Amino acid sequence: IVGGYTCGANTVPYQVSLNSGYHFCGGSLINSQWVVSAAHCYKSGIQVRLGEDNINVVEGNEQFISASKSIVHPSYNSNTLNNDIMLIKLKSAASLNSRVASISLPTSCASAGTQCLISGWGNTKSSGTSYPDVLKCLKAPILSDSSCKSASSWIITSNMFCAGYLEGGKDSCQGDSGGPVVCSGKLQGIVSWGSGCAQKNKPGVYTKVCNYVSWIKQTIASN
Ligand SMILES: COC(=O)[C@H](Cc1cccc(C(=N)N)c1)NC(=O)CNS(=O)(=O)c1ccc(C)cc1
Ligand SMILES: [Ca+2]
């Protein structure tokens, strides 16, 4: 995360770290046995890590659970990243408590202008690289689709939304992929893509979760 702040140990209990010998993506615990992340974070042999703060030091609130099944969205398009979402099932249910809790799926979509909380262990520099060991937080508003398209001339699909600042300096970044975008206590988005990080007129694009609620609910009910 660029231009953010240190969240505070376990203050984002639903944030998860996907690990394959090292942290490579973020995720969100939606229930005792399922995690949601970005389809482009797909990889086999994923171990989900819950209750994390410093991903390099065992602090006492962690729970390491291997994934048993990964389900990429049926219409995921890696070239345009349309439908960049993925479901992961844990081998065993996690022990829920205050430091490890799930986040609710949204009942309705959030409007441009709303403030959201984005988090992750991603890179913290706009030019260069420096990875934090503890979780970083960032407050960012959802942008209107028209203003996003204008400043970036990108092709945003109805399954995406931009959030951040057109002035740059604050944004999600490499390693924050798959992470949660929480607005009004609900999971409204997933960190998907962008051009560089915190670039002026280059805000972050996020997967619009409200459009995949039926898909998510059906999938969990049969797997
Ligand atoms: C990959 O390395 C990076 O520094 C960021 C990561 C990233 C991930 C998610 C969200 C943000 C964000 N800004 N909010 C950033 N992405 C890029 O810089 C990608 N842009 S890109 O124009 O460099 C590009 C596009 C497509 C391919 C295959 C490779 C590279
Ligand atoms: Ca740890």
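Read the numbers this way: they start at 1 and go in the same order the structure lists the ligands and their atoms. Residues take their numbers from the sequence shown, with the count starting at 1. For the numbers below, each heavy atom of this structure counts, side chains included, while hydrogens, waters and symmetry mates do not.
Those atoms of ligand 1 that come under 4.0 Å of a heavy atom in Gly204, given as number and element, are 14 (N). Under a 4.0 Å criterion applied to the non-hydrogen atoms of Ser195, ligand 1 contributes the atoms 18 (O), 20 (N), 22 (O). Listed by atom number, the atoms of ligand 1 under 4.0 Å from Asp171 heavy atoms are 12 (C), 13 (N), 14 (N). Close contacts of ligand 1 with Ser192, meaning ligand atoms under 4.0 Å from a residue heavy atom, involve 9 (C).
Checking only distances, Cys197 never comes within under 3.5 Å of ligand 1, N or O to N or O.
Residue pairs meeting the side chain to side chain donor-acceptor pair (under 3.5 Å) criterion with at least one partner in residues 1-30, sequence neighbours excluded, are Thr6-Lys136, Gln15-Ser119, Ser17-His23, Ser20-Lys43, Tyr22-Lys43.
Look at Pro203 and you'll find every heavy atom at least 4.0 Å from all atoms of ligand 1.
Nearest residue to atom 20 (N) of ligand 1 from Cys162, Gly194, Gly120, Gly179 is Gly194 (criterion: closest heavy atom).
Within the model, atoms SG of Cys116 and CZ of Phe161 stand 5.5 Å from one another, a figure rounded to the nearest 0.5 Å. To the nearest 0.5 Å, atoms CG (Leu90) and CD (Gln63) are separated by 9.5 Å. In this structure, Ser78 OG and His40 NE2 are separated by 11.0 Å, a value rounded to the nearest 0.5 Å. Rounded to the nearest 0.5 angstrom, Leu138 CG and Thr124 OG1 are separated by 12.0 Å.
Under the 4.5 Å side-chain criterion, counting only non-hydrogen atoms from C-beta, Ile55 is not in contact with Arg49. Contact annotation: the side chain of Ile142 never approaches that of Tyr206 to less than 4.5 Å [non-hydrogen atoms, C-beta and beyond]. Counting heavy atoms from C-beta outward, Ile190 and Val36 have side chains that approach closer than 4.5 Å.
Taking the six-membered ring where the residue is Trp, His73 and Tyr212 present perpendicular rings, their angle passing 60° and hence far from 30°.
At a heavy-atom distance under 4.0 Å, only side-chain atoms of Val191, from C-beta outward, approach ligand 1. The side chain of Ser177, and not its backbone, has at least one atom closer than 4.0 Å to an atom of ligand 1 (non-hydrogen atoms only; side chain from C-beta on).
Within the sub-3.0 Å shell of the Ca ion (ligand 2), the protein contributes these N/O/S atoms: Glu52 OE1, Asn54 O, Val57 O, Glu62 OE2.
For the residue pair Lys69 and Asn223, a side-chain donor N or O sits within less than 3.5 Å of a side-chain acceptor on the partner.
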